[PDB]
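A.B. asks:
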Amino acid sequence: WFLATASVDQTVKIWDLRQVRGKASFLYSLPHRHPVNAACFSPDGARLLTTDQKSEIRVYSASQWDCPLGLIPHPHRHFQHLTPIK
DNA sequence: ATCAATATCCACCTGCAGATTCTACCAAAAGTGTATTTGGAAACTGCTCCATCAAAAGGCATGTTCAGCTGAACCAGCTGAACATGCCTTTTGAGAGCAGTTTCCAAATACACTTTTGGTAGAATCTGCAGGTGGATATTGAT
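Add 255 to a position in the first sequence, counting from 1, and you land on the number used in the deposited numbering.
Written as structure tokens, this is what we have:
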């Protein structure tokens, strides 16, 4: 009963699907400098991976979603006819 | 020169990718009226410019002379055009950044009046430099 979603708005949002109903009465919001191509949870559940379109990877933790633990810089640049990277 | 090869010129046909033409509108042209300038008629002065003279002097016209240069012939060689080819580099087609508008305002900046005020015209002094004077070198060419 917590959810993750990613968007071209340069933000990635963590929801609580049972509690929220109010059109962005969300739980947490993490910003970025560029768009996001993927936001995938762990198997254990405590580590969120996030992957942008220009050059970055971020790891956010269970503990205080806002601040990141670590950045893994690596270029996976976006392109029209290319399949986006995950 | 003659004949083969072969690119270029030139007739004839079709369709579609760009040319041309219709239509409803909004930024732009134009007519009034006023105010607000501004540049040409009129009238004058004074610096600088146009036609003359006179005593040199330094530059131009003309005339000799010869060292050194500009094509013309010719050619060893090099080096860069013409073709086979295969092979590999260049064309074509299947979402988010950013140029281009729009609001609208905190900040920037023209403009009326005065108050200074450094810059400029013009008189009154400096002195480094155009000349000169002379001696010692440094190129140059003959031999």
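Every residue gets a Cβ at the ideal spot worked out from N, C-alpha and C, and that includes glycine.
Which residue wins for smallest C-alpha separation from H289, given the options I312, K341, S316?
C.D. replies: As a first step, residue 289 is located in the first sequence; it is residue number 34 there, counting from the start. Taking only the C-alpha atoms, the option nearest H289 is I312.
A.B. asks: Go ahead and label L285 buried or exposed: buried means 16 or more other beta carbons lie within 10 angstroms of its beta carbon, across all protein chains shown.
C.D. replies: Along the first sequence, read from residue 1 onward, the residue named residue 285 stands at position 30. With 16 or more Cβ atoms within 10 Å of its Cβ, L285 is classed as buried.
A.B. asks: With respect to the beta strand (DSSP E) encompassing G325, which residues constitute its N-terminal and C-terminal limits?
C.D. replies: Counting from 1 along the first sequence, the entry for residue 325 is found at position 70. First-last of the beta strand (DSSP E) with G325: 323 to 326.
A.B. asks: What does DSSP give as the partner residues of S316 in its beta bridges?
C.D. replies: Position 61 of the first sequence holds residue 316. Answer is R302.
A.B. asks: Can you check which of these residues, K341, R332, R273, is closest to residue 196 by C-alpha distance?
C.D. replies: Missing from the structure shown is residue 196; the chain here goes from 256 to 341 and no further.
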